[PDB]
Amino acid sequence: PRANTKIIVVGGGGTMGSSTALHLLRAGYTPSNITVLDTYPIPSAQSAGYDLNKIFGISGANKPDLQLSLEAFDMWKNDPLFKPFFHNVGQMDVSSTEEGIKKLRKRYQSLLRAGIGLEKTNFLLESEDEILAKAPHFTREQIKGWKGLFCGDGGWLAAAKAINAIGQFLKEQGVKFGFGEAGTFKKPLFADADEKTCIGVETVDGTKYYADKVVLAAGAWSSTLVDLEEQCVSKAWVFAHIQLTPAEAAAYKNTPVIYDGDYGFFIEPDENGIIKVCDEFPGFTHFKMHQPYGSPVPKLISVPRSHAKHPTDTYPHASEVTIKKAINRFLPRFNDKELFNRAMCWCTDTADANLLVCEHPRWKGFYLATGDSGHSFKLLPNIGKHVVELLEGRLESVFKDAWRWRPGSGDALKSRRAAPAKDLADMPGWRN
């Protein structure tokens, strides 16, 4: 029974982590039986969720991605905890290349074959007038040849503030916490020498925590903490900020999120006039020799270079070009705006960009909740709901089979992106 079951959430200061803790409380677990451990206090300074904003949009990449995105959309609008941080201003995919414009038309078409009425909220913008109508800040000369796929369920998310909302709720309820060395996972604990029964974890300062179940929601660090047998390859993405005056930023107030697969995106300025800009690229790895728990020998493993641990870090020289390229493409009027708060942000890719949410195959009681594949912040309100379903063996098979333990199911280095990710060692500029 839930009221006497103890759960440990490793990486609980992050996205999937905090979500799991939230839905444990909502399910009826006793708050004092739930322990959140993270290297950083919630909201974790190093979770990929620690950002001014993230994009919300509907992805049809998989069978349950569609179901999950709509589920998340519902909560972002109607859940009292989350709905303050959803800005439902819409999201527009654009392209002016032949190859790219056809990608849009195929995406629109598969949304219709979902047969769940997505045509009511997704539209192909076939002319420049239709684009300028949704995003008046563009000039017509800037967008000639552009077509757009507009999603009315889209918009952006106050990412850090949202996780923080969960965290403060967890604390009011009485969830237990472990931060710093007292919260940094090192290894699982077992009752038996055969390590078939996990009964807790031990952190790096030596602290041992005991629970009935352990959830590993450590994002890009999961593949480094325990042997995931190359299922998850951690990669970095980049962003930068520019500052606008109240006059300049007024033209972008409540404007839709604009994305082009060949350039990146930007999100409307926040209350301080700050615009976040991203490029799009297959990501950056950081391979090192490491020996995650359960691996018999040290392997080559992409290990996150945490901006939180190294604040003087920025990103490779190459990324500076593509980010500015994106700025020129979308916001040419701000090309002389100096960039600041450059930083790398880490995700972990699976081969098929599906999550890795399953019980460990040998360590009974140890559960994996990661494989976010760099598309999963939008799932903050509802992913924890399905992790709990897994813990209780009530997980709908569509999710269960898609999220199953699956080593040898593809090359996660390339995943579903344009190319295998390049490594930080071959991309100078980020260390200072």
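We number the residues from 1 along the sequence you see.
Mean CA B-factor: is it higher for 132 to 140 or for 147 to 155?
Looking at the recorded C-alpha B-factors, 132 to 140 comes out higher on average.
Which is higher on average in the deposited entry, the C-alpha temperature factors of 247 to 255 or of 291 to 299?
Per the PDB entry, the higher value belongs to 247 to 255.
When the CA B-factors of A160, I327, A217, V238 are compared as recorded in the entry, which is the largest?
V238 has the highest C-alpha B-factor of those listed.
Highest recorded C-alpha temperature factor, please, choosing from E359, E202, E230, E99.
Most elevated C-alpha B-factor of the set, per the entry: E99.
Hey, what third does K54 fall into on Cα B-factor, ranked over its chain?
It falls in the bottom third of the chain.
Considering every modelled residue of the chain and its Cα B-factor in the PDB entry, is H386 in the lowest, middle or highest third?
Answer is middle: the recorded C-alpha B-factor places it there.
State the tercile, meaning the lowest, middle or highest third, of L380 with respect to the CA B-factors recorded for its chain.
CA B-factor rank for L380: lowest third.
When the modelled residues of the chain are sorted by Cα temperature factor, does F334 land in the lowest, middle or highest third?
Top third by C-alpha B-factor.
Cα B factor band for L81 (lowest, middle or highest third within the chain)
Highest third.
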